[PDB]
Every structure is written in structure tokens, then in C-alpha cells.
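**Student:** The structure is given below, and queries will be raised subsequently.
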Amino acid sequence: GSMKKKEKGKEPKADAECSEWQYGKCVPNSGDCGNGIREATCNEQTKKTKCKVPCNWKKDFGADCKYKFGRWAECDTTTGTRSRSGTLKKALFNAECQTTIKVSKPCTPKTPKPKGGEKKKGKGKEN
């Protein structure tokens, strides 16, 4: 009977791949914000990659309407909020804007009390 069997050919390797290229911070070179540059070094080479920073400069148009506000009237206990009406001078944008605004916000008449606060002591015995 012959039940012999053996086969090999895969020695362990240390390897040296760079899948997690250590990228450096992103600094905006052009202008104050936008296209930044980052320095990264892996394996045995150094290169700079461009990136984009979270800047708020991608606005163009929108309401394009000019409104005129004054006050907020007195606080109403009914709904707990007061409504204010404003008038716009410049319409523009598409065709025309509302000739009046209807806003509302909760406000108290007086006596500014705490939302809830909290008070807890700590009594303990040493023995």
C-alpha cells in the first residue's frame, strides 16, 4: 500500500507594499481656499496631490430680492409667537417677489425664566 503525499512551495514573505500612502495636510495654495496641496511619502518617493477644502465660495444667484424689516411687534400669549410683516422694494429674480413677508417667532413678554435648570447636592459620610 502507498498512501504517501506531500507538496509545498510557498515560503513566507515580509513584503513592502504601500496601500496606505501617508498623505499630508491639505493647504490651499491658490487664493484663500480651494485647490490645496498635500505631501505624501511612501515606498521611496515623494509626490504632491491636489485637493479641495470645504470653502463656501460656490454661490452665484438666489432670491435676488430686497426686503425691508422694522420690528417684531409684541409677544402674543395666544400662540406664544409674534408675526411681523415687511415690505420689499426691489423685486427682480425670475419676475417679481412677494409684496409682503409673513414671519413668526416665539418670544416671551417678560420675566426670563430658566428652561429647566438643575440642582443636585452630594451628602456623604466619611465613617
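In the C-alpha cells, the first chain shown is A, the next is B, and so on; residue numbers restart at 1 for each chain, and ligands run from 1 in the order shown.
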Per DSSP on the backbone, filter segment 27-88 of chain A down to the residues in strand (DSSP E) and report them as a CSV table (one decimal) with N, CA and C atoms, in the first residue's frame.
**Tutor:**
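Resulting contents of out_18.csv:
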chain,number,residue,atom,x,y,z
A,27,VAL,N,-3.3,72.1,2.3
A,27,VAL,CA,-3.2,73.6,2.4
A,27,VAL,C,-3.5,74.3,1.1
A,28,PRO,N,-4.4,75.2,1.1
A,28,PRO,CA,-4.8,76.0,-0.1
A,28,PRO,C,-3.7,76.9,-0.6
A,35,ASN,N,-8.1,74.9,-4.2
A,35,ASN,CA,-7.2,73.8,-4.5
A,35,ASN,C,-6.0,73.8,-3.6
A,36,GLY,N,-5.9,72.9,-2.7
A,36,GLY,CA,-4.8,72.8,-1.8
A,36,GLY,C,-3.8,71.7,-2.2
A,37,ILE,N,-2.7,71.6,-1.5
A,37,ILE,CA,-1.7,70.7,-1.8
A,37,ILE,C,-1.3,69.9,-0.6
A,38,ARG,N,-1.0,68.6,-0.8
A,38,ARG,CA,-0.6,67.7,0.3
A,38,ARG,C,0.6,66.9,0.0
A,39,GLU,N,1.5,66.7,0.9
A,39,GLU,CA,2.7,66.0,0.7
A,39,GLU,C,2.6,64.6,1.3
A,40,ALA,N,3.0,63.6,0.5
A,40,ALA,CA,2.9,62.2,0.9
A,40,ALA,C,4.2,61.4,0.5
A,41,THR,N,4.7,60.6,1.4
A,41,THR,CA,5.9,59.8,1.1
A,41,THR,C,5.7,58.3,1.5
A,42,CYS,N,5.8,57.5,0.5
A,42,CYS,CA,5.7,56.0,0.7
A,42,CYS,C,6.6,55.2,-0.2
A,45,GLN,N,9.4,57.4,-2.6
A,45,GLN,CA,9.2,58.5,-3.5
A,45,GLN,C,8.3,59.5,-2.8
A,46,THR,N,8.4,60.8,-3.2
A,46,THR,CA,7.6,61.9,-2.7
A,46,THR,C,6.9,62.6,-3.8
A,47,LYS,N,5.5,62.7,-3.6
A,47,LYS,CA,4.7,63.4,-4.6
A,47,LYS,C,3.7,64.3,-3.9
A,48,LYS,N,3.2,65.3,-4.6
A,48,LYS,CA,2.2,66.2,-4.1
A,48,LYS,C,0.8,66.0,-4.8
A,49,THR,N,-0.2,65.8,-4.1
A,49,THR,CA,-1.6,65.7,-4.7
A,49,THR,C,-2.5,66.8,-4.4
A,50,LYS,N,-3.3,67.3,-5.3
A,50,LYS,CA,-4.2,68.4,-5.2
A,50,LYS,C,-5.5,67.9,-4.5
A,51,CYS,N,-6.1,68.8,-3.7
A,51,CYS,CA,-7.3,68.5,-3.0
A,51,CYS,C,-8.2,69.8,-2.9
A,52,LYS,N,-9.4,69.6,-2.5
A,52,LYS,CA,-10.4,70.7,-2.3
A,52,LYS,C,-10.8,70.8,-0.9
A,66,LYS,N,-34.9,92.3,-2.4
A,66,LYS,CA,-34.6,93.2,-1.3
A,66,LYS,C,-35.8,93.5,-0.4
A,67,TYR,N,-35.8,93.0,0.8
A,67,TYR,CA,-36.9,93.2,1.7
A,67,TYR,C,-36.6,94.3,2.8
A,68,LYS,N,-37.6,94.8,3.4
A,68,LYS,CA,-37.4,95.9,4.4
A,68,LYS,C,-38.1,95.5,5.7
A,81,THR,N,-46.1,83.2,20.0
A,81,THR,CA,-45.2,83.7,19.0
A,81,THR,C,-45.8,84.9,18.3
A,82,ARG,N,-45.0,85.8,17.8
A,82,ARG,CA,-45.5,87.0,17.1
A,82,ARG,C,-45.1,87.0,15.7
A,83,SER,N,-46.0,87.6,14.8
A,83,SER,CA,-45.8,87.7,13.4
A,83,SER,C,-45.4,89.1,13.0
A,84,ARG,N,-44.5,89.2,12.0
A,84,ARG,CA,-44.1,90.5,11.5
A,84,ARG,C,-44.3,90.6,10.0
A,85,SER,N,-44.7,91.8,9.5
A,85,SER,CA,-44.9,92.0,8.1
A,85,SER,C,-43.9,93.0,7.6
A,86,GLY,N,-43.2,92.6,6.5
A,86,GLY,CA,-42.2,93.5,5.9
A,86,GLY,C,-42.6,93.9,4.5
A,87,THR,N,-42.0,94.9,3.9
A,87,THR,CA,-42.2,95.3,2.6
A,87,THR,C,-40.9,95.3,1.7
A,88,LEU,N,-41.0,94.8,0.5
A,88,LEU,CA,-39.9,94.7,-0.4
A,88,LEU,C,-39.9,95.9,-1.4
**Student:** Quick one: residues within 8 Å of residue 64 of chain A, only C-alpha atoms, excluding same-chain residues fewer than 6 positions away - as a ChimeraX atom specification?
**Tutor:** /A:91-93
